[PDB]
Amino acid sequence: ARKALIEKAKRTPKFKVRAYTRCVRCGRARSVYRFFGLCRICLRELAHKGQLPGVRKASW
Amino acid sequence: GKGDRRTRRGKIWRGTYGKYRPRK
Amino acid sequence: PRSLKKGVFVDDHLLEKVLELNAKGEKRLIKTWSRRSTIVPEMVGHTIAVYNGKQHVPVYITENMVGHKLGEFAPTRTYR
Amino acid sequence: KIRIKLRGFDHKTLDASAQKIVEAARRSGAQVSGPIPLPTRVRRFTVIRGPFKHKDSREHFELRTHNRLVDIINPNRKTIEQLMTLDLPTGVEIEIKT
Amino acid sequence: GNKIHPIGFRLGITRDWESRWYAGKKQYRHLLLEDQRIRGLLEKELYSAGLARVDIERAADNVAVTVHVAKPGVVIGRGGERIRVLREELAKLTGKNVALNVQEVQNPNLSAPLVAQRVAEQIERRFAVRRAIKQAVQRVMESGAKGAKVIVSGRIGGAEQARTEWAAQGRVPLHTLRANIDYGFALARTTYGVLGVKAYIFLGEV
Amino acid sequence: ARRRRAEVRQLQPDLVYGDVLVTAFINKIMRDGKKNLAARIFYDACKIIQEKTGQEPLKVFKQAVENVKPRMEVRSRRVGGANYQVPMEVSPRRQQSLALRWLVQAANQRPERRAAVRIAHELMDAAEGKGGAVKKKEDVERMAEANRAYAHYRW
Amino acid sequence: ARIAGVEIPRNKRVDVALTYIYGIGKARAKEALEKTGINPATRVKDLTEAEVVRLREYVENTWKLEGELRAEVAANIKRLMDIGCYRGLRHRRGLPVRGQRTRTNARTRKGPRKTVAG
Amino acid sequence: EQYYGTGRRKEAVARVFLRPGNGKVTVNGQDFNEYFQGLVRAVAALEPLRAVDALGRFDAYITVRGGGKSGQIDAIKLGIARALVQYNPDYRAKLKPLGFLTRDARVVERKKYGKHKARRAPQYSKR
RNA sequence: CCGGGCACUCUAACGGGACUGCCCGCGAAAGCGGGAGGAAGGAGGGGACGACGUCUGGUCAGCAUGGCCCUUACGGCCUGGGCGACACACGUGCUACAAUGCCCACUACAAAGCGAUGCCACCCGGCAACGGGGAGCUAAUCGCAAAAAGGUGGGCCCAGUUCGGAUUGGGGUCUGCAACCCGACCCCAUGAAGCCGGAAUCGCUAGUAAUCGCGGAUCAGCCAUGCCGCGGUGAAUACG
Ligand SMILES: [Mg+2]
Ligand SMILES: [Mg+2]
Ligand SMILES: [Mg+2]
Ligand SMILES: [Mg+2]
Ligand SMILES: [Mg+2]
Ligand SMILES: [Mg+2]
Ligand SMILES: [Mg+2]
Ligand SMILES: [Mg+2]
Ligand SMILES: [Mg+2]
Ligand SMILES: [Mg+2]
Ligand SMILES: [Mg+2]
Ligand SMILES: [Zn+2]
């Protein structure tokens, strides 16, 4: 996203309401997971790399 | 029917509880 | 069916400034921005110009409408 | 009785170091309760393959966290010796409470 | 378009995750960004070395930030004049204080992450793509490998219009898990424009 | 079915008469996949035949069926212009299906409220010799033999 | 009989027949059929000139149904209008009130479609 | 005095114990015709016995847990066929023709993406 | 439920098993047809997996990135509005138009998941949502949970009607600094179009379609009938 809009990490937003994850790396606000603090993209990126332990390619 | 709010299945579907769907 | 609850809300901004105009007797027009702010008896007579998002609309309050909210009287959009 | 809950991300690494914390406790004490598996708690992920539109793709990712027990009989006081802190694996995290 | 990252497609088998440490819960989202910051600045420097893999291990405080390279004698700096300043920058990240026990890589031309780096380096230096390629292929196919392959992106030669240069020899099956093929990506910025370079090196088998 | 002549997937016998025809019928009756109530509906009517016959239920059934199955039905065949309505003998398999399907169909076409009544009174009209069942039947044969002028466009 | 202002349910069940009343629904029934104890499932035809009275007196003078009701509601709307209330508006301009999408599906409030040359 | 044939089905396991008894077949502390109250089929489960002229000349106590009444109706029909042979082996002989001894592999398929359910695929237009 | 015990179910690792290997028929062979054994038979059933390349495909609003353009505004903070407008048009869906159904009471089996400021047992007040009080759990051992359809019983009796819940008036709870614009949920009243859909058109070949309900992600709350998974019952038909 823009740069200003990366102040989310502002401990004092004013009200816990404005607390929006926003991907850590890309900053991708949408598709952001919790268990990873990542957007559906960066997720699948590293996943394929292998920098996320236990995280395998689901099959069943 | 499966969509009438003030009824039995109306809650079962709308996913709720009320005077029309208590517990025990 | 408007659910405020068991603890009404009114953004102080004017609450204080409107409650004070009563001390001098009355005033002459105001102008809120918290159209979200409910309404109380101490309005009757006043004139709180609310924002539409573009302008400051003079909403002449009245007994009948004392229970409503500023916003319902400041029309947002335009059409025909 | 010694509660040992071995939980790792892989069925080998972990499971392996859970056939150790027994031998080193099969002589110095009760023949143990053998290592008990316990079902796995899986965290599943699915994400639109590419970015922008194309929502009819997805690809799937899991995260199986296996479990293990073992459990023994009477803190032999002399078993803790063969065990104590002679570990070695790093892809595990077992907690305790006998 | 068709295809995957055989690496992420082989983790189940022929490939152990970069970071091999159980944990999770209210920590995974943490002990994760950890590595990122690690292998993050960790690349900003060791570029000159052959920074291939960079495993990571944990279990309790005492981490294990390894690092492979083809230029170990570079990591060290001077008996310990470098391998120190850096293990210090570690407390500016992992306050959890960790090692750094380095290791080395045999033949920097089988380490895909590098083979590609090189082809990139070359290219970034205004080199002859298709030539460098047919070379790297050899630098790699010409040392043990059962098969390799290199792929340079577009804007070849600077061409005002994207292209794609191939080249590769010997078996390089990918639809086969039992494969084991180091995959190496290499970015390669340029005066006129970016352009990655992929590196595939099929070795061993079963 | 471009590959092979699909097999006439046999069906399990009836939980009573142990018949297959009967089953098939129950199957046609059932909807939304509720073999239960259907087993009933039909069975419940297998009885109603009695209150109106000293006859046996099964026979009545067999007769209703073996009576509504057609012999020659229409069939299109466009040829260098417009599509003609051609006849032709009828398959021993398309007999059954085309019949049952019509019974359970004509049944649900009646005024009777209690579902089972319908089917029940329907098999009867059927086995007997009239009603919507044999209607749609003797209404197809009549369709062919009305275009029997295309015995040259066989197959 | 003629319970609420001029009523006429008959031949049917009662907990059903009362329904045919304005301020009466499948709810205010059971209540009245209890606050006045009556075997619910009885054909109104088979009603006691004695119960019809308690039933009437209750329902009539216990609520605000029929005629008098139709006027109250209309009164709130008519009121809603008098003041520049948003809601008081959508009513004037035949359009959904409770915050709904007036683009697609809006028929019920708007009625028949007025298809125009697009 | 005792026999045990299993029989699973669509995720339904049935422990089928067989005892020489006169034939008081029953399930989870609930009469057979009482766990399968008005379920046309059910009877099926016993077909195996009914098939070996048994039925009345043999008693059965059975368990079951998992799946749906039906599935159980089937699983049970299996154990009752399994232990039934776990008893007399020369029993398969003509118990196999019908095959009341063959784990019904047919199991619910998965839900693939971009669909509504394995096969049921979204409909479209202007094409 | 406590002692007791791993035989069974299961939980989860590891192997075993099936190869046209066996018998008949045909063939030059591959292999095709049929039969026995067998849990399964000829790729047993479903996934992950998509070749050289094509469409100058999509995305410089994910991220990276060559050039260009603005640097007191094409940057930045904020508050209110907007993304939610409406005379209409199309797409994908949901709920129906009913008696193989709807309603109340009682009663019976699932699988996969989630749970720290979180799942909330049990008791209490309230018609209710929910509020107050409060046990256990870091969770095969406690909670979300009830599965629903189904089964035994009784209600309606073919009616726009006990079908159908749109729309609108009124009262109220929970999240949040704040629900006018613009949230969901409950109780009451309201009870609309709709009685099976023109020309045309979509899906699916077996545990599938059809049908019933359960969880999850995101997330304070929610506009999820959507998306992604689970399992219950369980067909028709394929000449060609
Ligand atoms: Mg940026
Ligand atoms: Mg938020
Ligand atoms: Mg209804
Ligand atoms: Mg999507
Ligand atoms: Mg879609
Ligand atoms: Mg393949
Ligand atoms: Mg283009
Ligand atoms: Mg474009
Ligand atoms: Mg929008
Ligand atoms: Mg009406
Ligand atoms: Mg009708
Ligand atoms: Zn990312």
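So the protein sequences, as listed, match chains F, B, C, W, R, L, G and Y.
If you're matching positions, the first sequence starts at 546 in our numbering and goes up one per residue.
If you're matching positions, the second sequence starts at 115 in our numbering and goes up one per residue.
If you're matching positions, the third sequence starts at 2 in our numbering and goes up one per residue.
If you're matching positions, the fourth sequence starts at 751 in our numbering and goes up one per residue.
If you're matching positions, the fifth sequence starts at 84 in our numbering and goes up one per residue.
If you're matching positions, the sixth sequence starts at 468 in our numbering and goes up one per residue.
If you're matching positions, the seventh sequence starts at 2 in our numbering and goes up one per residue.
If you're matching positions, the eighth sequence starts at 54 in our numbering and goes up one per residue.
Just so you know, even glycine gets a beta-carbon here, dropped at the ideal spot from N, CA and C.
Going along chain G, which residues have a C-beta under 8 Å from residue i?
i	result
residue 64 of chain C	Residues of chain G passing the Cβ test: none, with the nearest at roughly 10 Å.
Let me check understanding here. Comparing Cα to Cα, which of the options lies closest to residue i?
i	options	result
residue 792 of chain W	W:814, W:773 and W:803	W:814
residue 191 of chain R	R:210, R:135 and R:242	R:135
residue 551 of chain L	L:486, L:478, L:474 and L:615	L:615
residue 50 of chain C	C:41, C:42, C:60 and C:44	C:60
residue 106 of chain R	W:847, W:848, W:846 and W:840	W:840
residue 265 of chain R	R:183, R:224, R:166 and R:116	R:224
residue 65 of chain C	G:85, G:64 and G:12	G:85
residue 48 of chain C	C:40, C:55 and C:54	C:40
residue 838 of chain W	W:753, W:752, W:751 and W:769	W:769
residue 61 of chain G	G:30, G:49, G:91 and G:81	G:30
residue 154 of chain Y	Y:164, Y:90, Y:100 and Y:71	Y:100
residue 573 of chain F	F:564, F:583 and F:579	F:583
residue 218 of chain R	R:202, R:174, R:86 and R:102	R:202
residue 824 of chain W	W:779, W:762, W:757 and W:790	W:779
residue 529 of chain L	L:491, L:573, L:503 and L:518	L:491
residue 36 of chain C	C:80, C:78, C:79 and C:74	C:74
So which residues of chain R does residue i contact, with C-beta pairs closer than 9 Å?
i	result
residue 582 of chain F	112, 113, 115 and 116
residue 561 of chain F	The premise fails here: residue 561 of chain F is roughly 18 Å from chain R at the closest Cβ pair, so nothing lies under 9 Å.
Residues of chain R with CB under 8 Å from residue i, in chain order?
i	result
residue 594 of chain F	88, 90, 91 and 101
residue 840 of chain W	103, 104, 140, 141, 142 and 147
Is residue i helix, strand or coil when you go by DSSP?
i	result
residue 252 of chain R	strand
residue 497 of chain L	coil
residue 186 of chain Y	Because chain Y here runs from 54 to 180, residue 186 of chain Y falls outside it and cannot be looked at.
residue 647 of chain L	Residue 647 of chain L lies beyond the residue range present for chain L, which begins at 468 and ends at 622; the question has no answer from this structure.
residue 817 of chain W	strand
residue 112 of chain Y	strand
residue 564 of chain L	helix
residue 751 of chain W	coil
residue 556 of chain L	strand
residue 794 of chain W	coil
residue 241 of chain R	helix
residue 90 of chain G	helix
residue 845 of chain W	strand
residue 79 of chain Y	strand
residue 528 of chain L	helix
So which residues on chain Y does residue i lean against when the C-beta distance must stay under 8 Å?
i	result
residue 503 of chain L	92 and 93
Anything in chain Y within Cβ reach of residue i, meaning under 7 Å, just list it in chain order.
i	result
residue 808 of chain W	166
residue 506 of chain L	93
Can you pull the chain R residues whose beta carbon is under 7 Å from the beta carbon of residue i, in chain order?
i	result
residue 569 of chain F	116
Listing by chain order, which chain L residues have their CB less than 8 Å from the CB of residue i?
i	result
residue 97 of chain Y	482
So which residues on chain F does residue i lean against when the C-beta distance must stay under 7 Å?
i	result
residue 798 of chain W	585
Can you pull the chain F neighbours of residue i, defined as C-beta to C-beta under 8 Å?
i	result
residue 813 of chain W	599, 600 and 601
residue 120 of chain R	Those do not exist, as residue 120 of chain R stays about 10 Å from chain F at its closest Cβ, beyond 8 Å.
Which chain C residues are close to residue i, counting only those with a beta carbon under 8 Å from its beta carbon?
i	result
residue 84 of chain G	63, 65, 66, 69 and 74
Subject >> Residues surrounding ligand 3 [beta-carbon distance to nearest heavy atom under 7 Å] >> reply: Residues lining ligand 3 by the Cβ criterion, that is a Cβ closer than 7 Å to any of its heavy atoms, are B:115, B:118 and B:121 in chain order.
**OP:** Give every residue whose Cβ lies closer than 6 Å to any heavy atom of ligand 12, listed in chain order.
**Re:** Going along the chain, the residues that qualify are F:568, F:570, F:571, F:573, F:583, F:584, F:586 and F:587.
Subject >> Residues, ordered as in the chain, of the segment 148-173 of chain R that lie near chain F by beta-carbon distance below 9 Å >> reply: Residues are counted here when their Cβ sits less than 9 Å from a Cβ of chain F; for the segment 148-173 of chain R the count is zero.
**OP:** Using a Cβ-Cβ cut-off of less than 9 Å, list which residues of the segment 752-777 of chain W approach chain F; keep chain order.
**Re:** Among the residues of the segment 752-777 of chain W, those with a Cβ less than 9 Å away from any Cβ of chain F are 758, 759 and 760, in the order of the chain.
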